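Only one chain is given next, in structure tokens, and it is the form deposited in one PDB entry.
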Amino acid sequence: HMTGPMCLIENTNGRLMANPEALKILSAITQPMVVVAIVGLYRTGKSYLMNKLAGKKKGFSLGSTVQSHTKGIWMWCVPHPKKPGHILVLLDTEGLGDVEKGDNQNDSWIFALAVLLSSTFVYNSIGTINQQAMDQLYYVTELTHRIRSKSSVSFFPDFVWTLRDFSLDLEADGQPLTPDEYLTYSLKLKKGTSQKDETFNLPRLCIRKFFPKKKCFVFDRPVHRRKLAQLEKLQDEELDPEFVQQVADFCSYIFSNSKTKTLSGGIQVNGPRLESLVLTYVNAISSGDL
């Protein structure tokens, strides 16, 4: 049916535009949708992980260069491998912090759309969880509220942090951590009444409230090789064997746990209803708030 990805939201010269051809395809799919979007800094292996969710070696194209490759937001609608009669919709995004673009405002919009359109939202980083990403997640979360206002049980997405090229010991304060406990460690509140105790707390309170469920997975370097240039065409046997497992566990969690996308009121989102969200939210951005 849908034989490869297609640009859903174009990103050309500062302007975010819905692709009519993608909208057409969406308007033909009447099945309910599980929507999994991924965002993170550019050149962090996002497109590759998304191809795993499709069960394919190739799909969203990777790019082997210091330049950004994924632009705007791409979609790939494929049969949901565990829930009969559902469609799994994969949303692959333009990486954050491209120095060729140099446009933060534009980053925020893409980030925001990804959150607004998803039922599972995947934030992808290398090595560590880091405050600057947590600051940005919080900002975009709040912006998401302003966009919903401009038009106008929970229908906010569940949350996954994917840690790439993970090489450090999962320990803190003498104590081992699971990946999940590392995430909740990172969102832990300062006990104090004190003032700054409150500045520190407040973003964390907001992220914890916005995303109802949370999950964290670590991934080894895919390959031992010093270069990733040939990745698209290496079979599992040529990859690091614990990377392969880690990817399986991740996919299997997404397949088992990611909920059907839902409108406020509880109505389930299918093609025509996603098409109508895309336009609503792109129009709301094309206007003028920040």
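Counting begins at 1, following the sequence as shown. For the two forms, the rigid core is made up of the largest set of C-alpha atoms that agree within 1.5 Å on superposition.
For this session: Using the PDB record, quantify the missing residues of the deposited sequence between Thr193 and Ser194 as none, 1 to 3, 4 to 9, or 10 or more.
Result: In the record, the chain runs straight from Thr193 to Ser194 with none unmodelled.
For this session: Going by the average Cα B-factor in the PDB entry, point out whether 185 to 193 or 163 to 171 comes out higher.
Result: The stretch with the larger average C-alpha B-factor is 185 to 193.
Exercise. Taking only the CA atoms, which stretch has the higher mean B-factor in the record, 154 to 162 or 125 to 133?
Worked result: So the stretch with the higher mean C-alpha B-factor is 154 to 162.
Problem set entry | Of the residues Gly40, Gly45, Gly63, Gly265, the one carrying the largest Cα B-factor as recorded | Highest C-alpha B-factor among the listed residues goes to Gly265.
Problem set entry | Where the record places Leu205 (Cα B-factor, split into thirds across the chain) | Its C-alpha B-factor belongs to the middle third of this chain's values.
Exercise. Split the chain's modelled residues into thirds by Cα B-factor; is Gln235 in the lowest, middle or highest one?
Worked result: Within its chain, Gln235 is a highest-third residue by C-alpha B-factor, going by the deposited values.
Problem set entry | Chain-relative CA temperature factor third for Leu279 | For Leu279, the deposited C-alpha B-factor lands in the middle third.
Exercise. For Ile25, does the deposited CA B-factor place it in the lowest, middle or highest third of the chain?
Worked result: It belongs to the middle third of the chain when residues are ordered by C-alpha B-factor.
For this session: Classify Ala18 as lowest, middle or highest third according to the C-alpha B-factor given in the PDB entry, relative to its own chain.
Result: Its C-alpha B-factor, which the entry lists for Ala18, ranks in the middle third among residues of this chain.
What comes next is about the form deposited in another entry, which does not appear here.
Exercise. With the two forms superposed on the core, which of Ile29, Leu239, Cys251, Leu62 shows a CA shift of 2 angstroms or more between the shown form and the other one?
Worked result: The answer here is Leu62.
For this session: Classify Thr141 as shifted (yes) or not shifted (no) between the shown form and the other one, where shifted means its C-alpha moves by 2 Å or more with the rigid core superposed.
Result: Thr141 C-alpha, core-superposed: shift of less than 2 Å.
For this session: Once the core is aligned, please say if the CA of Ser125 is shifted by at least 2 angstroms between the shown form and the other one.
Result: No, its C-alpha moves less than 2 Å.
Exercise. Honestly, after the rigid core fit, is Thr178 moving at least 2 Å at Cα between the shown form and the other one?
Worked result: Not so; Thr178 is displaced by less than 2 Å.
For this session: Work out the direction of the Cα-Cα change for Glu232 and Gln246 in the other entry: closer or farther than in this form? It's 3 angstroms or more.
Result: Residues separate in the other entry, at least 3 Å farther apart.
Exercise. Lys58 and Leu239: do their C-alpha atoms lie closer or farther in the other entry than in the form you see, with a change of 3 Å or more?
Worked result: Those two alpha carbons end up closer in the other entry.
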